[PDB]
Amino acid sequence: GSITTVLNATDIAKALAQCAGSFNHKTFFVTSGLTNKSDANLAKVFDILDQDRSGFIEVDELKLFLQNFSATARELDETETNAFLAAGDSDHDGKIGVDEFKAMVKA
């Protein structure tokens, strides 16, 4: 269901507080607990993040990434969104698919 059926709330809070100034997706994946979740749980998280059901996380959905973990979190800035996309977009189509998401969280 909600994100705390996947992750611990305390871990989410720490991951959010530590990126208030500067976000790094690898740091967040570790602190939040995403890095140790099963592939199937990461496909669950992908479904949450893909707000328009397009099958891909587009850049407008990446700007809103943190708001899937707490409704009142901040938007990512452009450098942060660009770096997120560049780390995960292995097929170079400008957006993140579910296999890309599962891979980038753990490899």
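Start at 1 and count along the sequence shown; that's the residue number.
For the pair 13-21 and 83-91, the mean B factor over Cα atoms is greater in 83-91. Which of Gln51, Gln67, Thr31, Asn36 has the largest Cα B-factor in the deposited entry comes down to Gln51. Placement of the Cα temperature factor of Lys44 within the chain: middle third of the modelled residues, per the deposited record. Compared with the other modelled residues of the chain, the Cα B-factor recorded for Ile3 ranks in the lowest third. Among all modelled residues in its chain, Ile57 ranks in the middle third by Cα B-factor.
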